[PDB]
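A quick write-up on the structure given underneath.
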Amino acid sequence: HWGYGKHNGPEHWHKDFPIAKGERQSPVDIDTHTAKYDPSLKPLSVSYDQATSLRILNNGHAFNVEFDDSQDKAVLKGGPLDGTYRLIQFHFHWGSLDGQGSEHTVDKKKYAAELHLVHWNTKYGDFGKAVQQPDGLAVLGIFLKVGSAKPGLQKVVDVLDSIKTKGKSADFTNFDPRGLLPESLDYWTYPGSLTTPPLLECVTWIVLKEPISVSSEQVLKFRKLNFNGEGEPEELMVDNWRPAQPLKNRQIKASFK
Ligand SMILES: NS(=O)(=O)c1ccc(C(=O)CSc2ncccn2)cc1Cl
Ligand SMILES: [Zn+2]
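Take the sequence shown: its position 232, counted from the start at 1, is 218 in our numbering, and no numbers get skipped.
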């Protein structure tokens, strides 16, 4: 039942998932001025050379591109992290308009969209167990602005017609998520949560400073997807973002000045 509308959107989630109001919820606004530079933060290590995409799914909240995470193929490590985290899926949040859509904000600035590359700590053996741990997940957040097309995104945009409605899936092999990365890997990092229910507080958030550019036509195709299932009245999949949540104790660290 949760969703992104007037009656079941983020303001209502706390009734089914009381952790919605917890001590380390995401996303947050990143105040770039108060984020602390940390010279001891390591470069982020993204090894996506051996990534095996399997499938793309409309889950009725977003679309997921899923990866084979049964061996250490596509891994995140270094940066603020202490272990190896395997890529399990990526998905996006986006707006009804180019002026909004990102979950994290940068000095209150909203980006047209936000990419989440979700990874789980190898120590916990699988994603299901990892989410029950305070360091179980590492999510790499990348902002999208609208200008130039991202050539590496087109393969994803062209299959969306095949997964229009809730519960549809399509095979989606040999997609290289390295084509979604910006140039710089400078990042902010803070401890947080899933941004959708179950809102589990198991995430180390690694948000890239440098946004990627996507074309107006690429993001327009995101907006043609549907929250509803195939038998049902059309509700465009738009505005599937959770607003910034209270920072509370937390400190956001920066890998850069
Ligand atoms: N917006 S986000 O924080 O990157 C994010 C959104 C959805 C999910 C899920 O996997 C939800 S499905 C699920 N979640 C917990 C336990 C069993 N299944 C995971 C993440 Cl990290
Ligand atoms: Zn997400």
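Beta carbons are placed, not taken as given, at the ideal position from N, Cα and C, and that holds for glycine.
Of the listed residues the options, nearest to residue i (C-alpha basis)
i       : options                           : result
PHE78   : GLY64, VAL51, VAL61 and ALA37     : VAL51
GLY64   : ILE192, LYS150, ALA37 and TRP(-1) : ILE192
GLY217  : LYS152, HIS47, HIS(-7) and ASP162 : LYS152
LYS150  : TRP106, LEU222, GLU89 and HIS0    : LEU222
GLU(-3) : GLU203, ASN235, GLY122 and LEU185 : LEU185
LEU171  : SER155, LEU180, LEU194 and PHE213 : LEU194
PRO168  : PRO177, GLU100 and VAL14          : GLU100
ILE198  : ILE42, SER134 and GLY87           : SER134
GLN36   : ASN226, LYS141, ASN160 and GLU187 : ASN160
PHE76   : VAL224, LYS95, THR108 and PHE53   : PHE53
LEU180  : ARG228, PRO219, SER155 and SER201 : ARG228
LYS234  : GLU203, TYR176, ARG209 and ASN212 : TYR176
Cα-Cα separation, residue i to residue j
i           : j      : result
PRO4        : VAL117 : 16 Å
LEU73       : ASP55  : 6 Å
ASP157      : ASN45  : 15 Å
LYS243      : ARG10  : 25 Å
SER39       : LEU130 : 21 Å
residue 248 : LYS115 : Because the chain is modelled from -13 through 243, residue 248 falls outside the range shown and cannot be assessed.
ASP84       : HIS102 : 18 Å
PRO13       : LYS22  : 18 Å
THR18       : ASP93  : 6 Å
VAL205      : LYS141 : 13 Å
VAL145      : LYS136 : 15 Å
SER31       : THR70  : 10 Å
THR108      : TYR34  : 16 Å
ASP147      : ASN212 : 10 Å
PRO29       : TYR173 : 9 Å
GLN86       : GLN119 : 31 Å
Closer than 6 Å: residue i CB and nearest ligand 4 heavy atom
i      : result
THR175 : With respect to ligand 4, the structure offers nothing, as its ligand set consists of ligand 1 and ligand 2.
Presumed contact (8 Å Cβ cut-off) between residue i and residue j, rounded CB distance
i      : j        : result
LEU27  : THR190   : With 8 Å as the limit, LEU27 and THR190 do not qualify as a contact, their Cβ atoms being about 12 Å apart.
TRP106 : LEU123   : 6 Å
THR91  : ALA240   : The Cβ separation is near 16 Å, so there is no contact.
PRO183 : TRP(-12) : 5 Å
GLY8   : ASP225   : Contact flag wrong, Cβ pair sits at about 23 Å.
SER201 : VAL132   : 7 Å
Bridge partner(s) assigned by DSSP for residue i
i      : result
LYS95  : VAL92
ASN235 : Answer is none; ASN235 lacks a bridge partner.
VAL193 : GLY127 and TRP174
Whole runs of the alpha helix (DSSP H) within the region 45 to 81, excluding any shorter than 4 residues: none
Residue ranges of each beta strand (DSSP E) within the region 129 to 184, 3 or longer: 155 to 157 and 173 to 178
Alpha helix (DSSP H) runs contained entirely in the region -6 to 26, provided each spans 4 or more residues: -1 to 2
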